[PDB]
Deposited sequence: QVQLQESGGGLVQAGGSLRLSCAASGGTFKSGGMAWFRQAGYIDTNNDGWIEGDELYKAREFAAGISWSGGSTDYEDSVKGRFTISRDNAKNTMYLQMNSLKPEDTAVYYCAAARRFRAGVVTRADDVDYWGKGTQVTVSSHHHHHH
C-alpha cells in the first residue's frame, strides 16, 4: 500500500542546509507536503506537558501539487525552503536553506490538491529529526 520513507535529516549548524527526501510507494486533486512538530506547547503554563496539550497538531511547512504546478509555504520558511517533486521516481524533496534553531523539529512527509491542514492528510511518514545548532 501507501508507504512514505523520509530521509535526509540530521544535525546541522545554524545557517546551513539540508535536503529532505520522501519516497512514496504506490498512490499519490492530490499532492504531498512536509509537516513538522517543534514540540508540544504548555497551554496552561504550569511547567508540564499534560492532557489537551499532547494534541498540538503537526504544523504545515510546505506542500506541492501532484502535477508539481502548485506550491505553498509556511510564511516563516518562505524563501528559505523549496519544495519539489520528481514524478518518475517515487520522491518529493524539501531543500532547506538558511536553517535556524527555530527550525528544529520532527519533520513528517504527508500524502493525500495542495494539502495544507493536518486533518486533510491521509497518509503519514514516521518522521525524521532535524536539529539545528542554537548558534
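Stretches of the deposited sequence absent from the structure, as judged by C-alpha coordinates, are 29 to 30, 115 to 119, 143 to 147.
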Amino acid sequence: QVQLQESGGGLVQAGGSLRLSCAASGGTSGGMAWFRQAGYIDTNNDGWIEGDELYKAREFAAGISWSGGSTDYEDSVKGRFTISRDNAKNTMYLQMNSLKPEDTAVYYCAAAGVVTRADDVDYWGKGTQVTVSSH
From here on, numbers count along this sequence of modelled residues.
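Checked against the record, the higher mean CA B factor of 100 to 108 and 46 to 54 lies with 46 to 54. In this entry, 121 to 129 has the higher mean Cα B-factor, the comparison being between 121 to 129 and 8 to 16. Take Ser76, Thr71, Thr28, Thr82 and read off each C-alpha B-factor from the entry; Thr28 has the highest. By the numbers in the PDB entry, the CA B factor is greatest at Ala88 among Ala62, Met92, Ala88, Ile41.
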